[PDB]
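This report refers to the structure that appears directly beneath it.
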Amino acid sequence: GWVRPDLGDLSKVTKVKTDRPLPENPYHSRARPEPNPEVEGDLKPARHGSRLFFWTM
Amino acid sequence: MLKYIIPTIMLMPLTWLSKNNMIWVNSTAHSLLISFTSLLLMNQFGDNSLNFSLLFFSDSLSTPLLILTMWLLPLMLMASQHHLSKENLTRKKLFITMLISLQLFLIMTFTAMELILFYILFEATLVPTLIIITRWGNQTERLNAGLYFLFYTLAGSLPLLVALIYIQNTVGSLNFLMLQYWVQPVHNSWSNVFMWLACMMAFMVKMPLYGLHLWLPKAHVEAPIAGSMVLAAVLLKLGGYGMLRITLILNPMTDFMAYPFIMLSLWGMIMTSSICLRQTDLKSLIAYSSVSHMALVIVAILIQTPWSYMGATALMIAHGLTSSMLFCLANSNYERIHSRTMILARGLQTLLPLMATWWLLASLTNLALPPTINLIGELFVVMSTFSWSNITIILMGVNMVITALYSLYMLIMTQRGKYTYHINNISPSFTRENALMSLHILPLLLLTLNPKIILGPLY
Ligand SMILES: CCCCCCCCCCCCCCCCCC(=O)OC[C@H](COP(=O)(O)OCCN)OC(=O)CCCCCCCCCCCCCCCCC
Ligand SMILES: CCCCCCCCCCCCCCCCCC(=O)OC[C@H](COP(=O)(O)OCCN)OC(=O)CCCCCCCCCCCCCCCCC
């Protein structure tokens, strides 16, 4: 009763039932480093300007 | 200070937009008007300095130097317009422009609140001064004089720039008022020794300090008359003004770091005074006289007493008017005989009677006849130096004997004896020359009536 699969059939992506649980950390990665604290808030003009030597702006 | 900066800037369009034959009349008239308004800087208080803004201020130290500076500009225009008479119009206007720009840099230099603003303007004065010496000087040696002037100043001032920026990084400010309250004592370490030298050598070279003075007899002698007037009257005093300010942040290290420079000055003043006795060039003699007088200012600043600081301020003002007058007197003879040799033209009292009176008055102020402000400044320094060490009175005393000798030797050689037979072009003194001399000596003697206004912040 075997029917030869048609052109293109064996290259299909199929779905399989399995009881093996999905691996949680397949790469065995360490915990990632914490990101640097975000800079937030409203942008305000610089206090007394550039403050470069004698410049007042 | 904008009420002085903006009018000074307007002298430039005034000069360029004037009728061709009114460039000297217009610039002289309006520069005198600016000089008149500078008297408003005399609103000084017993406790607080007159602090205009974030950028500028004036206290009893800078105020007299500002008034002298603005007074000198019209005198220099008068002194220059004869020997520039054949210069073409555009080059005349550029000459006046250099003088105006120098005044602009100077008045901002003396009122700068922040030491790095002071530095930029302090170096800025080099550029117009170099151009005046090299472009409008008369002899081949002006080119060499310009290089000595430029590289002596920069050799010292570039280490000062590093020091000042270092101080701002450590203190957080170079504002002079802030430094009065945030100043910390200087610990005695090798690193602080070179900070002290960096903060002082640039000012020492400008005084000049004996040993580091070789640029001055070249520059002051090769410059045109306006160049010599400002070089001796004001630019030497940038060094004194800078030292008087920066010593605030150098205590107590100045106690022992002063010794080598006090010895150079106390012995140097006797050396340079002796040199004057054997100089053959009249302009060169007057230039070496300045080195001897500024040696007293160096010593007075380094011993750091209230009396020495009042004396130093008076001497700087007194010397400014006197040395400028002597250069103008010497120049008036040069414009007749076209030589700077002192023995060439003799017995000029017989041919130029009134001009011989200016020579006498200029000489008497130079040798510090009391009660002139020249004597008041010298006396206060001698008093304070006696307290620093009684033995100094010997060196001070010898210098006063030598100073009298070369001051009157210059007077006797040129004005007295018999006139030189073959020199037959000594025409009578012009009204311009006589007014130029009296605008030096009259303010100088008037200050004797009210000396306090030139005694500085310690008064
Ligand atoms: C911190 C305190 C400071 C106070 C103390 C200051 C001490 C005084 C410093 C003086 C500086 C040197 C003298 C400057 C005077 C002018 C020099 C001069 O005019 O010499 C003339 C000489 C002749 O050659 P020249 O003029 O070219 O021939 C005619 C073609 N023009 O010209 C020449 O031969 C070439 C001259 C080259 C030198 C130019 C000046 C540079 C000075 C900085 C030296 C750089 C050192 C760097 C070295 C680092 C590695 C060791
Ligand atoms: C001709 C060229 C013109 C240019 C001139 C340039 C001048 C640069 C001078 C730089 C010298 C700076 C001094 C550097 C040495 C280190 C200073 C130091 O830290 O030593 C500390 C110590 C202080 O001694 P003390 O007073 O006892 O301590 C307090 C307790 N009472 O040290 C002391 O004992 C204080 C005494 C230090 C001064 C010594 C003076 C030497 C003799 C006088 C020389 C005059 C200058 C000679 C120049 C010739 C150059 C060819």
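All positions are counted from 1 along the displayed chain.
Backbone N, Cα and C atoms are what each Cβ position is placed from, and that goes for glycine too.
Annotated in Swiss-Prot:
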MOD_RES   B:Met1  N-formylmethionine
TRANSMEM  B:22-42  transmembrane segment
TRANSMEM  B:60-80  transmembrane segment
TRANSMEM  B:94-112  transmembrane segment
TRANSMEM  B:116-138  transmembrane segment
TRANSMEM  B:147-167  transmembrane segment
TRANSMEM  B:196-216  transmembrane segment
TRANSMEM  B:224-244  transmembrane segment
TRANSMEM  B:256-276  transmembrane segment
TRANSMEM  B:284-303  transmembrane segment
TRANSMEM  B:308-330  transmembrane segment
TRANSMEM  B:351-371  transmembrane segment
TRANSMEM  B:393-413  transmembrane segment
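By the Cβ criterion (under 8 Å, sequence separation of 6 or more), the transmembrane segment (B:256-276) is not in contact with the transmembrane segment (B:60-80), since fewer than 3 such pairs are found.
For the transmembrane segment (B:116-138), the partner stretch with the highest count of Cβ pairs under 8 angstroms, out of B:22-42, B:60-80, B:224-244, B:284-303, B:308-330, is B:224-244. Long-range contacts of the transmembrane segment (B:22-42) within the same chain, counting only residues at least 6 positions beyond its ends with a Cβ under 8 Å from a Cβ of the stretch, are 3-4, 7-8, 10-11, 14-15, 50, 58, 63, 66-67, 70-71, 73-74, 77-78, 81, 89, 92-93, 96, 100, 453. Using a 10 Å radius centred on the Cβ of B:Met1 (N-formylmethionine) and all shown protein chains, the other Cβ atoms total 19. Long-range contacts of the transmembrane segment (B:284-303) within the same chain: residues 204, 207-210, 213, 216-217, 220-221, 232, 236, 239-240, 243-244, 247, 254, 258, 261-262, 265-266, 268-269, 272-273, 275-276, 309, 311-312, 315-316, 319, 323, 326-327, 330, 340, 342, 366, 377-378, 380-381, 384-385, 388, 399, 403, 406-407, 410, each at least 6 residues beyond the stretch ends and with a Cβ under 8 Å from a Cβ of the stretch.
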